[PDB]
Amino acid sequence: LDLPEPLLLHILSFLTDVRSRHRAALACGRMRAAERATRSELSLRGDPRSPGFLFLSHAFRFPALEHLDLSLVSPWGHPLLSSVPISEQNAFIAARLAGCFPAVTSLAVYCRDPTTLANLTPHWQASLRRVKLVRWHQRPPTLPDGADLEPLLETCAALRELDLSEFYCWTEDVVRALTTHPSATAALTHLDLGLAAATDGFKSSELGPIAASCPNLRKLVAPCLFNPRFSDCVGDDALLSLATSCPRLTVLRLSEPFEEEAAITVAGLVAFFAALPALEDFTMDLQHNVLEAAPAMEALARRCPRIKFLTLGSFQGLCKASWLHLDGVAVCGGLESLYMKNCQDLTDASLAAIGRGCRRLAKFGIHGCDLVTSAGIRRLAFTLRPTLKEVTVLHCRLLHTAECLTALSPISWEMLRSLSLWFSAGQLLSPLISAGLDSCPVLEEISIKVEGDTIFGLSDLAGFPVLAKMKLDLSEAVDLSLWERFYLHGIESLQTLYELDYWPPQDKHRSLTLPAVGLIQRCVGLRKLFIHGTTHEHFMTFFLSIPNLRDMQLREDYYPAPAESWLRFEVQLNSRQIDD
């Protein structure tokens, strides 16, 4: 490393790993210089209100850092620099962040009340190009309509992307803000309106003006109201006026939130697609049905040559009997079909026309396909498969690609990095080993979700050499203490488990009961533990014994979400000389 410092930096530029990067800092002062100097992303590990952060060496700096996440910051849910309950302290903290993080072009934040934005934006206005807001808590009632977003659209002159995907507000906030700030929204190109997956959807009276106000939009992601029982639902007329209002769109992704035929037609979707020449990513995950969609897809091939990624909800006539009817669509990098009954083993074989494109394929609730030509699309350019609610298919036997396959969503394997399994009420994991998943040398990630109305065979996963990241979602299972024991029995035997995300179940706070703590606690390898719901203060010390646990947090990221003993815990957690 006698080389010129600029080339040491250029080397360190390429490190994605936070921990490896953290370890490079500890090598020598020379490459500590080099790591602080080149780091691009940082998710803060707060509390930044505490004097440990503020009065801290002021050559602790990340001068070329771009993306700063302040949503994970302790305590988890709480307001950041709200001026609601004093300025002076918010002023100073703001400047401190602005001093380690001066080149932020991209900011994530937890945003209970709009004054946090008003207190962060001054330092970064001229730089800020992307914003993610995050709010699983309820919306402060007294605020007046589009007030949550006024701080951004007034100040940040260089804003190009807005991400409300995990931000609980009302649609009338979004519509009010984005139509009364033309100077700001005329520049917007990316918009994500998820709204914490807690709305019935944007209406046509809402969706229409937003597009109207956003000519440069190149990406839109939105939940829309498609249910024609309602007079203001999203029709062909609404889709048409979106397309002519946002011509530049390359990524459009509508979907119906839920828990019968749609107001959309097939000649309407042909016109619509003719308006969107640039459409690379299309996605219409609706619950209502869109009959005989065969043509619309051929249109999409002709009108939208640049298409690659494609995902369709209840689109009923995708492919069929005879010859080319969605497979006119020459390039599909990825494709996913859904609650589409007209799909039949005839179809999947008939995609002899997407030989070059489809690295990903999925069917969700198709009820008419077989085992052995999910054994027929076997070719060299194919890598990742879901298969969700097949009344018929249950099998991994089908596959040439057992050698080539890389992810799997079902309900030796020589390249399979990832695996997402969905189960039922008191289903057993174990049969999975005998049913065809025995080896998995390279399997790093596994994801388990449960939903319904002896023990889990979690121990039976210890076969797998490199299995380090689990996500165990029991949120949707619907006393609970014995249920958490059923599911968590034998995590200890997962030797290489490094990072665990656990969702405890819901009955009217999502508490993680004592036997679960003690079951999780026996995990030796855990460097990161995140628990969706919480515990009691008096249950918290028990995680401190896990040898090298460093990252741990109680992230209630579900709507509506609901004590600085946690901070007392956090100090005790940091205290311990753990590994580097």
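In this text, residue numbers run from 1 along the sequence as written.
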Here the number of deposited-sequence residues unresolved in the coordinates between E403 and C404 is none
Assert higher mean C-alpha B factor (388 to 396 or 76 to 84, deposited values) equals 388 to 396
Looking only at CA atoms, which has the higher mean B factor in the entry: 566 to 574 or 19 to 27?
566 to 574
Per the PDB entry, which option out of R356, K203, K469, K132 has the greatest Cα B factor?
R356
Of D501, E161, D173, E261, which one's C-alpha B factor is largest in the deposited record?
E261
Lowest, middle or highest third of the chain for the C-alpha temperature factor of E492?
middle
Comparing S50 with the other modelled residues of its chain, is its CA B-factor in the lowest, middle or highest third?
middle
So, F62's CA B-factor, relative to its chain, sits in which third? The lowest
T265: which third of its chain by C-alpha temperature factor?
middle
By its CA B factor, does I531 count among the lowest, middle or highest third of the modelled residues in the chain?
lowest
